[PDB]
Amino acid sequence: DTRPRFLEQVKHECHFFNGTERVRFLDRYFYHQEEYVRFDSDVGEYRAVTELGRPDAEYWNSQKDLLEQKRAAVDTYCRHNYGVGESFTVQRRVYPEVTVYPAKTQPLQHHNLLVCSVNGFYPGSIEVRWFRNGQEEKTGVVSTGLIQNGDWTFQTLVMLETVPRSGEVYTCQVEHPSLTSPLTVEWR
């Protein structure tokens, strides 16, 4: 089935700053991926993105009975939904799970790659740092960044390229909004 396909997208966006305080609403319309016209809350009336949207902006601005709804969206749509859902989105807090283990690999020669896996946490804001017998290991540690599991939890692996010498202890420390105090996992 190789018949042409034609895609239509619409995105009703609500941008929040300092909470439900300073808000901005966007009414965006797309043909494939090119947005062609949109209502910018900060602008007041639909503006044409590309020339393919010239007719749509002129047509909608005419109806001031319409322009009144979109101009009230920040309060009627955005701020309203933010309140309904902040209980379980904005305030959502999920404990991270920290596991430290030796890489089931070792691409680096005779150096042992130590992995610190932080799993199932929310929100996305988190901070993972490695420690050796006291002191931080800034160099020789790269991560996967933030990974989304798609089910409202994240994971991130912060690997550490270590040079093995028995008599040392390794500590992975995590600080997250859901934590009362840093989580720490040691590896001997």
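Counting begins at 1, following the sequence as shown.
With 160-168 and 173-181 compared on mean CA B-factor from the PDB entry, the stretch scoring higher is 160-168. Higher mean CA temperature factor, per the PDB entry, when comparing 54-62 with 145-153: 54-62.
When the CA B factors of the chain's modelled residues are split into thirds, the value for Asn119 lands in the lowest one. Among all modelled residues in its chain, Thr99 ranks in the middle third by Cα B-factor. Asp27: CA B factor lies in the lowest third for its chain, per the PDB record. In the PDB entry, a CA B factor belonging to the middle third of its chain's modelled residues is recorded for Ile126. For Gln91, the recorded CA temperature factor ranks within the lowest third of the chain's modelled residues.
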